Amino acid sequence: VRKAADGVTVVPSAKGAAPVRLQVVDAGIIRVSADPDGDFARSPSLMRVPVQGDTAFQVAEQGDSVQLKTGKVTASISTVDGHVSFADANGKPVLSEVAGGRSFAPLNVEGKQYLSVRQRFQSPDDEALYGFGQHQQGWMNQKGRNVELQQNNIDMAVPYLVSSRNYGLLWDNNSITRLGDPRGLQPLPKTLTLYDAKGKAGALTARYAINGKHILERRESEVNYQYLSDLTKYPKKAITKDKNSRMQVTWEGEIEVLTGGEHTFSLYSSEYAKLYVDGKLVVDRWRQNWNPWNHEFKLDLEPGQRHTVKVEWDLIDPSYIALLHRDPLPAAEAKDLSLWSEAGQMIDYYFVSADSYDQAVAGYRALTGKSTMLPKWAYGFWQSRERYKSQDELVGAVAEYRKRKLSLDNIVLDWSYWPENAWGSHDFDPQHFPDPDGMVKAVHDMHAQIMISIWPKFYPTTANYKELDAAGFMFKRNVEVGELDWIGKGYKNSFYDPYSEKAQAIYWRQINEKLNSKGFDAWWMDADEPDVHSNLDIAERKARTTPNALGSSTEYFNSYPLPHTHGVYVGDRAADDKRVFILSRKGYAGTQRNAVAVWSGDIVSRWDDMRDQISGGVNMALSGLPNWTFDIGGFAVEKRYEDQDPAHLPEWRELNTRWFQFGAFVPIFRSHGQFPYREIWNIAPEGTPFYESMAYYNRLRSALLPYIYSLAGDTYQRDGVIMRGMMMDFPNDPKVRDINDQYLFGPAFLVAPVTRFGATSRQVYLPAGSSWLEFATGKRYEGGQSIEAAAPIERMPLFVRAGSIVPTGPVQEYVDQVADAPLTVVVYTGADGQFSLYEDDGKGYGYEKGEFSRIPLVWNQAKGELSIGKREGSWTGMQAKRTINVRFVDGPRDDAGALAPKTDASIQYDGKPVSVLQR
Ligand SMILES: O[C@@H]1[C@@H](O)[C@@H](O)OC[C@H]1O
Ligand SMILES: [K+]
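Residues numbered from 1 in each chain as written, not as in the entry; some residues may be left out. Chains lettered and ligands numbered in written order. Heavy atoms only, no water.

1. Observations concerning the packing of aromatic side chains
Note the cut-off: Centres within 6.5 Å make a pair out of two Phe, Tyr or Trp rings, where for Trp the six-membered ring is used; the pair is then stacked when the planes are under 30 degrees apart, edge-to-face when over 60, and tilted otherwise. Exposure is judged per residue with a 1.4 Å probe applied to protein chains only, and the accessible area is read against the type maximum: over 50% gives exposed, under 20% gives buried, and values in between give partly exposed. Think of it this way: any DSSP run of H or I at least four residues long counts as a helix, any run of E at least two long counts as a strand, and we number them from the N terminus. Ring-over charges, as used throughout, are those where CZ of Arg or NZ of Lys falls within 6 Å of the ring centre and within 35 degrees of the ring normal.
Under the criterion given, the structure shown has 66 aromatic pairs. Arranged with centres 6.2 Å apart and planes meeting at 55°, the rings of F428 and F433 form a pair that is tilted. No difference in accessibility class separates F428 from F433, as the two residues are buried. Taking 5.7 Å as the distance between ring centres and 55° as the angle between the ring planes, the aromatic pair formed by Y499 and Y556 counts as tilted. Of this pair, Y499 sits in the loop between β34 (494-495) and α6 (501-514) while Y556 is found in the loop between α7 (538-543) and α8 (561-575), placing the two residues 57 residues apart along the sequence. With respect to burial, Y499 and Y556 carry one shared label: buried. Cation over ring: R670 sits above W599, and NZ or CZ is 5.3 Å from the ring centre.

Right, dumping it as structure tokens:
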């Protein structure tokens, strides 16, 4: 037993048990490293930042154990096999590794020897787990689920996990990583017996057609057109590339399992895909052809009995599909919490003791960095398009929002503003963008900010490619094989290597000269998975992104966006004193410290996709990234929407309206997508209920800005989140652990988006222990019940927790439009409450030096008294003296939810404590 200033190392006595080392990072944060070699040498962590905490501890030796005790945690290490167990300050057990539960296996790749590592933990049936990124299965609770971390367009990896048992876990590994089954999805015949449509064993029956005309039939032992390399087996006779011809494939047969229990499956698919098991529809999905993804299901199956399978695929060239399977784990490990990683040097993780879900997130921010404050205008409405094709189109959109007096802060310029053959030059095509400097000035003159797309992608004919390539920072393989992108005739292209500080310097310098010099406000840092060529198999994605400056893409598969965004953050911040804003398609552990917001990628205009974002956003927040958004309405659309078929116009309008209501209540409020156009008046004309609704929520957002921005300030000040899972504030209510279509927008607003076409109401579960006020009526509902909440097309169910204090302002066409606006404090009565209102200049980094104010608001229910406490702090432009209106909502009120509601009292405030009585 070896003692150190910050922990101990134990070499266990059992043969094969790896040495283990514990380090105290803080009283409630313990690092655990296990390494067969006993050296604990690893590649320098990319996610970690330094922590200066209380590293005091005391050691005791029992018979089979060494125990480390801080003020918050007791960690016990077995001297026999090294397995670690955690208990809290009162000795109550919290988390224990499985004894003998470590695995290390050699992986010899790219000239190195790595270990694939696996750690198993004991996990009770009633433990709930959240986080591990942002995913697309619609699962809120992750307990018992298999989740693979592999950066993809719509699937985001962040290796931080939070548990209902009052802890969090940071898994410091940058390779492909698996929660649950460490083996990943198997080909169909691996642990299943197949029978075709005529009962013959060994395969299913595959039938291929073109435009409803059968081409051929054959037996197939797998359903696998998953990646580009798999497409070479598609029957050449059955392929049509005609502009408006479609293809169809069916698979039909039976399956039988070899081991009984819970079997999980994934139908990976693009375009239209259905799957029937025993004649019951199990998957019914559409995605755009170039972005397939996993659609998982599960079945309880036992050997000896057959079950029918029928797959129906309706596609265009090219599309992708695969039916994959996992058989049950052995009983001894099937219930464990298991973390696996493809490539590393050792097992290395951090245990975070958390009295609340909030404290769990705070430990992630301690370990990987505080969440940089974003500009205040970033929390207003964003309008985007794929794509504005000229500067007249982009400027025209801002001007039309101004003409209609709709609220708009930010406008976005998508890809392809450059000359076609010059991706990566950051030049503008003069045909469509003849005066980029004048474009930016025209937007600024209308009191709006403009963000521009910048990829990690370069064409080999550009000066910028050759500068990066000559310095060694261009990945070479995609150009060596001559892979052509999708633009016009097709262009060779590659992506740069961001891991070296020298590469980041070149990348930013090019952007600074060409774009930052013209006044652009924000950077849309797209495709940083990186998406070198969509739908390559994983071996090719790795081979076309390796070697990097630190090692292989196998060791660093998920970490690309972290150094990529870091370089732009550092460069932009050194260029002037304004706060940076970045929208990155991928986040990762630590990306919040580089002023990076993220979004869920190229999801589709489908009701299922909309509902899936609710649980995606909650788990994103609990993974530790607080600034998150999506494309309102979805990104890619079916032909019935693209062609604007009048028969589907009502559903198109209802979907985008429901999704717009939802987007107004997520951290960043943003409209984007492919044709049709997505601006409010282009969704539906004025006079329709869709326009009325979108206009209402567009303006309501601006009135709620004091509330929203106060939460933004506390993402930094209190290491907090904005989008809150219902279990964060109601951790003792079991009914909120698994609900996947409700959440809290800050502490006050319970949000229940409507995700069914033609619904005029929906079930909403109200958490127990508080009463709730319907935002649109003031009707009071007691907690702990499900209700049929009214939801006409124009309004989304929204409820306010009793005791909520919500600072609001007047409707604004843009941030700070009305100077010295009055503040309206709205109290939703029914219980005690408090809200410390955060304010600052919203523009620079003065908050880092304490340039911010906090005004305490305290509501006492018994006395009916709102106490406005003494102001603390000051900043450039603060209102020393200001008008504060107060509004009390204690039940049904005629103007409930009005954009400009009646106020019940008004005082002048100068920073000294003042009291307002309801009476
Ligand atoms: O949001 C889109 C992004 O995900 C990618 O596909 O490039 C174009 C953008 O419009
Ligand atoms: K700056």
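The discussion continues.
2. Observations regarding the coordination of the potassium ion (ligand 2)
In an ideal octahedron of six donors the angles at the metal are 90 or 180 degrees, and in an ideal tetrahedron of four donors they are 109.5 degrees. Note the cut-off: Each metal site is built from N, O and S donor atoms within 2.8 Å (3.2 Å for Na, K and Ca), and since water is not included, such sites may look incomplete.
Around the potassium ion (ligand 2), the protein supplies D572 (O), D572 (OD), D576 (O), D576 (OD) and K578 (O) as donor atoms, at distances of 2.6 to 3.0 Å. Within one chain, the residues serving as donors to the potassium ion (ligand 2) are arranged as D-x3-D-x1-K. The exposure class of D576 is partly exposed, given its relative accessible area of 26%.

3. A look at the site of ligand 1
Which entries qualify depends on this criterion: Think of it this way: one heavy atom of a residue within 4 Å of a molecule or strand is enough to make that residue near it. Pairs of N or O atoms within 3.5 Å make up the polar contacts considered here, provided that, within protein, one atom can donate a hydrogen while the other can accept it, and that residues adjacent in sequence are counted only when both atoms are side-chain atoms. Areas reported here follow the Shrake-Rupley algorithm with a probe of radius 1.4 Å; residue values treat only the protein chains shown as occluding. Residues are grouped as follows: nonpolar covers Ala, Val, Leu, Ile, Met, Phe, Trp, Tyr, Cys and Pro; charged covers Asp, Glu, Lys and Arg; every other residue, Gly included, is treated as polar.
Around ligand 1, the neighbouring residues are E386, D414, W415, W455, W524, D526, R585, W599, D602, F635 and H672. Residue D526 places a side-chain N or O atom 2.8 Å away from an oxygen atom belonging to ligand 1. Measuring from an oxygen atom of ligand 1, one finds a side-chain N or O atom of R585 at 3.2 Å. In the complex, 98% of the free accessible area of ligand 1, which totals 270 Å², lies under the protein chains. For the shell around ligand 1, the class distribution of residues is five nonpolar, one polar and five charged.

4. Re the pairing of strand β2 (residues 7-10)
Our working rule: In this description, strands pair whenever DSSP reports at least two bridges between them.
Burial along β2 is two-sided: the face carrying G7 and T9 and the face carrying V8 and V10 are both buried. Both strand β1 (residues 2-3) and β2 contribute to a ladder of two bridges, which runs antiparallel. Following the sheet pairing, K3 is matched in β2 by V8. Count of turn residues in the β1/β2 antiparallel hairpin: three residues. Bridge count for β2 against strand β3 (residues 20-26) is four bridges, and the pairing is antiparallel. In the strand pairing of β3, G7 is matched with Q23.

5. Considering the domain arrangement of the protein chain
Definition in use: In this document the domain limits rely on a domain assignment from an automatic tool or a database. A contact between two residues is defined here by any heavy atoms of the two lying within 4.5 Å. Buried area is calculated as the accessible area (1.4 Å probe) missing from two parts once they are joined, with the contributions of both summed. The rule for a salt bridge is simple: a side-chain nitrogen of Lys or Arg has to be within 4 Å of a carboxyl oxygen of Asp or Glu.
Assigned domains within the protein chain: domain 1 (1-184 + 329-369), domain 2 (185-328), domain 3 (370-722), domain 4 (723-801) and domain 5 (802-919). Inter-centroid distance (C-alpha atoms) of domain 1 to domain 2 is 37 Å. Taken residue by residue, the interface counts 15 residues in domain 1 and 15 residues in domain 2. Among the residues domain 1 hides against domain 2, the three largest losses belong to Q137, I154 and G184. Together they make up 35% of the total. Our enumeration of links across domain 1 and domain 2 arrives at one salt bridge. As a salt-bridge pair, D327 and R183 come within 2.9 Å of each other at their nearest N and O atoms. Broken down by class, the residue content of the side of domain 1 that touches domain 2 amounts to four nonpolar, seven polar and four charged.

6. Focus on the sheet that holds strand β54 (residues 905-909)
Condition: Between N-to-C directions, angles span 0 to 180 degrees; the directions come from axes that are lines fitted to C-alpha atoms, helices contributing only their stretch in contact.
Spatial ordering of the open sheet is given by β48-β49-β53-β54, a layout of four strands whose pairing is mixed. Among the strands making up the open sheet, the edge pair consists of β48 (804-808) and β54. Within the sheet, the average angular offset between the axes of one strand and its neighbour, ignoring direction, is 25°. Relative to strand β53 (residues 882-889), strand β49 (residues 823-828) runs parallel, the two being bridged by six bridges. When the bridges of β53 are listed, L823 appears paired with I884.

7. Observations concerning unusual backbone geometry
Of note, the amide linkage connecting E386 to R387 takes the cis form, showing an omega dihedral of 0°. By secondary structure assignment, the location of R387 is in the loop between β30 (381-383) and α2 (391-403). Residues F675 and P676 are joined by a peptide bond in cis, for which omega reads 10°. Phi angles above zero are rare outside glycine, and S416 is one such case at about 65°. One can find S416 in the loop between β31 (410-413) and α3 (436-445). Within the chain, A527 stands out as a residue other than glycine whose phi angle is a positive 55°. Considering the arrangement of structural elements, one finds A527 in the loop between β35 (522-525) and α7.

8. Regarding the sheet that holds strand β38 (residues 628-629)
Across the sheet, which stays open at both edges, the eight strands sit in the order β38-β37-β36-β35-β32-β31-β30-β39 with parallel pairing between neighbours. At either end of the open sheet lies a strand with only one pairing partner, and these are β38 and β39 (669-671). For strand β32 (residues 449-454) and β35, the ladder comprises four bridges, and the chain directions are parallel. Bridge pairing in β35 links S453 to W524.

9. Some thoughts on the environment of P318
Locating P318 in the fold gives a position in the loop between β26 (307-315) and β27 (321-326). Assessed through its relative accessible area of 30%, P318 is described here as partly exposed. C-alpha separation for the pair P318 and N224, spaced 94 residues apart in sequence, amounts to 14 Å. Non-local contacts of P318, meaning those with residues more than four positions away in its chain, are made with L231 and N289.

10. Details of the packing of helix α4 (residues 463-470) against α6
As a reminder, the rule being used: Our angle categories are set so that under 35 degrees counts as roughly parallel, over 145 as roughly antiparallel, 65 to 115 as roughly perpendicular, and the remainder as oblique. By the definition used in this description, the sense in which the near helix is turned from the far one sets the handedness, with an anticlockwise turn below a right angle giving left-handed and a clockwise turn giving right-handed.
Where α4 contacts α6, the two axes come as close as 10 Å, and the packing angle between them is 160°. Looking at the two axes, α4 sits roughly antiparallel to α6. The two elements α4 and α6 cross, and the hand of that crossing is right-handed. Contacts from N464, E467 and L468 of α4 reach α6 at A503, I506, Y507, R509, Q510 and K514. In the contact of α4 with α6, the residues fall into four nonpolar, two polar and three charged.

11. Here we look at the nonpolar core
Put simply, the rule reads: Residues belong to one nonpolar core when they are buried, are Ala, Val, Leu, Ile, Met, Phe, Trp, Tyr or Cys, and are joined through side-chain atoms within 4.5 Å.
Residues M439, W523, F581, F665, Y743 and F749 are the most contacted members of the largest nonpolar core, which totals 205 residues. With sequence-adjacent residues up to four places away left out, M439 is seen in contact with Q391, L394, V395, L413, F428, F433, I450 and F520. Grouped together as the second largest cluster of nonpolar side chains are 35 residues, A34, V84, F121 and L149 included.

12. Quick word on the packing of α6 against α8
The geometry of α6 relative to α8 is characterised by a closest axis approach of 9 Å and an angle of 50° between their N-to-C directions. As far as their axial angle goes, α8 and α6 are oblique. Pair α6 / α8 crosses with right-handed handedness. Contacts from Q504, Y507, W508 and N512 of α6 reach α8 at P563, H564, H566, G567, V568, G571, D572 and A575. The residue inventory of the contact of α6 with α8, partitioned by class, reads five nonpolar, six polar and one charged.

13. Considerations on the environment of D890
With respect to the helices and strands, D890 occurs in the loop between β53 and β54. Of the residues examined, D890 reaches a relative accessible area of 44% and is grouped as partly exposed. In this structure, the C-alpha to C-alpha distance between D890 and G830, residues 60 residues apart in sequence, is 7.0 Å. If we skip the residues at most four places from it in the chain, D890 touches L773, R780, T829 and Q918.

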